[PDB]
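Student: Here you go, one structure.
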Ligand SMILES: O=P(O)(O)OC[C@@H]1O[C@@H](O)[C@H](O)[C@H](O)[C@H]1O
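This is how it looks when you write it as structure tokens:
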């Protein structure tokens with residue numbers, strides 16, 4: 318998760334890596 | 029209930045008037061429990077909100093805790109209709125804990141924000157302040173009542189998921205107005221509405237630097253208990269883009285200014301149209317060879333967008349109408365106004381010259397008529413009749429003759445009432461030259477381009493936007509990418525026919541509530557399942573059909589279109605908001 322700091326700090330916004338939107342989906346869905 | 033929006037202190041979009049109009053009905057529904065949340069702006073506290081230094085009668089401890097803990101908040105009354113209870117939250121009051129907040133924001137909804145985008149950081153801190161305020165309130169509210177949270181804008185909605193991350197027993201409603209990435213899709217020279225089934229959303233958000241904005245927009249949409257969207261087509265594009273079907277659609281309503289008499293909106297059209305004629309006469313001195321009682325006024329308004337507003341399709345439709353009118357041998361002539369605010373400098377010398385010539389002709393007529401009045405008064409006093417053997421005077425004919433000599437002109441009338449800064453790259457003028465509309469005598473379609481908002485301070489056209497709209501005969505709005513559409517709704521409220529498309533939110537909304545939308549004057553098009561040529565041909569057919577009716581038929585059409593104002597009023601649109609709030613409450617806590 319540390320390596321994911323700078324990627325969203327100065328605006329890399331990686332999209333073909335292991336940080337796609339579903340990577341946020343499958344942990345936000347557990348919130349409800 | 030809590031309304032969260034970024035447009036409470038600044039008028040950057042149309043959400044301001046929507047919220048201002050909805051405040052009355054929301055307050056009438058919710059009594060004194062209606063609170064609204066908005067950012068604090070230095071420019072929006074002078075004549076925009078009455079600050080209340082006194083504590084809220086039902087809330088004293090949370091404000092004291094918030095003030096003592098460092099952040100600065102204000103309570104007061106919004107300077108709008110009804111009774112609003114507004115809270116303003118400063119953006120710099122808690123600007124000293126952005127690092128800590130984003131450190132503890134990594135595990136909540138996993139959103140990252142660039143450091144050089146001040147607006148995104150301001151929205152994030154606003155969301156943090158809002159969720160902190162909700163937490164403090166529910167901690168200090170003894171958990172007796174139930175709180176429902178409504179979010180109207182995506183910047184203000186970033187905190188919504190934060191509440192969902194804090195297990196707060198509240199109903200979560202997410203309302204969107206338009207897709208940000210969709211706006212940039214339409215400028216990519218790629219078909220958008222016919223390819224709605226296949227979007228490579230991740231990358232197109234990636235290389236276009238709008239990745240994170242869509243990221244927390246979709247996060248808020250997914251996390252919300254209920255999701256609402258402005259119109260049906262916007263709901264469809266959200267479902268095919270955000271991968272979440274909205275529970276219900278929420279069209280925007282507008283307050284209607286009723287009159288004592290039903291027909292008064294006709295009278296406002298009668299005189300305002302006259303103000304247009306005095307303009308067009310001035311713009312057509314030396315070429316007034318057509319009867320002005322058989323003239324139609326078409327217009328298209330809004331922001332200067334070429335493809336997204338349908339200026340081009342209107343232009344070639346008018347060209348086809350002109351070509352058709354020169355083979356039918358008809359005397360009807362139409363005038364099309366383009367209220368497209370662009371960047372301009374100074375005025376047009378020919379237009380002002382025409383206005384001055386019209387005024388000079390009026391002065392000459394006034395002098396001659398005063399002389400005639402004096403002579404007629406004398407003859408009536410002596411007890412006789414005017415035989416017109418002395419009105420000639422052998423002198424007034426000289427001045428009238430030289431006036432007519434001055435009125436003579438050789439060059440063609442101009443197409444613009446201003447002076448363009450650039451002419452080799454202006455789409456409107458290039459298209460007009462290409463299609464061949466030069467306001468010639470043999471033509472039947474006239475084009476007038478006025479790249480400036482209409483105001484009473486202008487030298488020419490001394491009318492505002494509302495009166496000019498009320499004066500026209502039919503507004504043509506062939507929108508292509510329009511989320512909801514305010515101008516056609518305004519025209520419908522004013523009581524004039526309009527032309528719209530199912531692509532626009534207003535057209536789709538009207539097409540699904542009233543059967544046969546042709547007798548009421550809301551001419552609908554089909555730009556979704558038809559090609560450009562089919563759409564322009566249908567528009568030309570509609571224009572010819574409008575030109576075909578008589579004056580009585582036009583009066584019938586306008587009278588019937590006037591009655592549809594009740595459909596767009598908030599009194600009818602509040603039902604959808606009530607349903608959405610009730611569904612959210614049921615989903616959160618039975
Ligand atoms: O709407 P029009 O075809 O321009 O008709 C012209 C005027 O319309 C309305 O204002 C009234 O009916 C007037 O009595 C009529 O003179």
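Protein chains in written order, with PDB author numbering: chain G, 318 to 349; chain C, 29 to 618.
We put the beta carbon where it would ideally sit given N, CA and C, even for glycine.
Residues in the same chain with beta-carbon distance under 8 Å from residue 558(C), minus the five sequence neighbours each way, listed in chain order, please.
Tutor: Only 566 meet the Cβ criterion.
Student: Out of curiosity, what's the CA-to-CA distance linking residue 601(C) and residue 383(C)?
Tutor: Each residue's Cα considered, the two are about 45 Å apart.
Student: List the whole-angstrom C-beta distance separating residue 465(C) from residue 478(C), where the pair is believed to meet the contact cut-off of C-beta under 8 Å.
Tutor: At roughly 16 Å, the Cβ-Cβ gap does not stay under 8 Å, so residue 465(C) and residue 478(C) are not in contact.
Student: Examine ligand 1 and report whether any of its heavy atoms sits within less than 6 Å of the Cβ of residue 264(C).
Tutor: Because no heavy atom of ligand 1 lies under 6 Å away, the Cβ of residue 264(C) does not count as near it: no.
Student: Below 6 Å, is the gap between the Cβ of residue 297(C) and the nearest heavy atom of ligand 1?
Tutor: At least one heavy atom of ligand 1 is nearer than 6 Å to the Cβ of residue 297(C), so yes.
Student: Among 404(C), 132(C), 446(C) and 280(C), whose alpha-carbon lies nearest the alpha-carbon of residue 311(C)?
Tutor: Nearest of 404(C), 132(C), 446(C) and 280(C) to residue 311(C), Cα basis: 446(C).
Student: For residue 405(C), count neighbouring Cβ atoms within 10 angstroms of its own Cβ and tell me buried if that reaches 16, exposed if not.
Tutor: Residue 405(C) should be labelled exposed.
Student: Starting from residue 142(C), find everything on chain G with Cβ-Cβ shorter than 9 Å and list it in chain order.
Tutor: Result: 325, 326, 327, 328 and 330.
Student: Anything in chain G within Cβ reach of residue 216(C), meaning under 7 Å, just list it in chain order.
Tutor: None at all; the shortest Cβ gap to chain G is about 17 Å.
Student: Report the three-state DSSP secondary structure of residue 419(C) (helix, strand or coil).
Tutor: Coil, per DSSP.
Student: Taking 7 Å as the CB-CB cut-off, is residue 356(C) touching chain G?
Tutor: Output row for residue 356(C): interface = no.
Student: Relative to the alpha-carbon of residue 480(C), which residue among 571(C), 577(C), 576(C) and 374(C) has its alpha-carbon at the smallest distance?
Tutor: Checking every option, the nearest Cα to that of residue 480(C) belongs to 374(C).
Student: Looking at the secondary structure, which residues open and close the beta strand (DSSP E) in which residue 66(C) lies?
Tutor: Run containing residue 66(C): 63 to 68, per the beta strand (DSSP E) assignment.
Student: What residues of chain G sit near residue 267(C), judged by a beta carbon separation below 7 Å?
Tutor: Under the 7 Å cutoff, chain G gives no residues; its nearest Cβ is about 16 Å from residue 267(C).
Student: Can you list the residues of chain G that residue 239(C) reaches, using a CB-CB cut of under 7 Å?
Tutor: Within 7 Å Cβ-Cβ: 330 and 332.
Student: Residues of chain G with CB closer than 9 Å to the CB of residue 234(C), please, in chain order.
Tutor: Correct list: 330, 331, 332 and 333.
Student: Please state whether the Cβ-Cβ distance between residue 473(C) and residue 362(C) is less than 7 Å.
Tutor: Against a cut-off of 7 Å, the Cβ pair of residue 362(C) and residue 473(C) comes out as a contact.
Student: For residue 138(C) and chain G, any beta-carbon pair shorter than 7 Å?
Tutor: Residue 138(C) counts as touching chain G.
Student: Is the beta carbon of residue 253(C) sitting closer than 7 Å to the one on residue 612(C)?
Tutor: A contact, by the Cβ cut-off of 7 Å.
Student: Please report the residue range of the alpha helix (DSSP H) in which residue 351(C) lies.
Tutor: Per DSSP, residue 351(C) belongs to the alpha helix (DSSP H) from 339 to 353.
Student: Measure the C-alpha to C-alpha separation of residue 511(C) and residue 307(C) and round it to an integer number of angstroms.
Tutor: One C-alpha to the other measures close to 34 Å.
Student: In chain order, which alpha helix (DSSP H) runs of at least 4 residues are fully inside the stretch 203 to 240 of chain C?
Tutor: Those alpha helix (DSSP H) runs which fall completely within the stretch 203 to 240 of chain C and span 4+ residues are 208 to 213 and 229 to 234.
Student: What does the alpha-carbon distance come out to for the pair residue 68(C) and residue 196(C)?
Tutor: Cα-Cα distance, rounded: 25 Å.
Student: So who's on the other strand from residue 128(C), going by DSSP bridges?
Tutor: According to DSSP, which records beta bridges pairwise, residue 128(C) is partnered with nothing at all.
Student: Would you say residue 146(C) lies against chain G (beta-carbon separation less than 7 Å)?
Tutor: False, the Cβ-Cβ gap to chain G never drops below 7 Å.
Student: Find the residues of chain G that neighbour residue 230(C), judging by a C-beta separation of less than 7 Å, and give them in chain order.
Tutor: Going along chain G in sequence order, the residues near residue 230(C) (Cβ under 7 Å) are 332, 337 and 338.
Student: Mapping DSSP to helix, strand and coil, what is residue 448(C)?
Tutor: Three-state result, residue 448(C): strand.
Student: Comparing the C-beta of residue 194(C) with each C-beta of chain G, is any distance below 7 Å?
Tutor: Output row for residue 194(C): interface = no.
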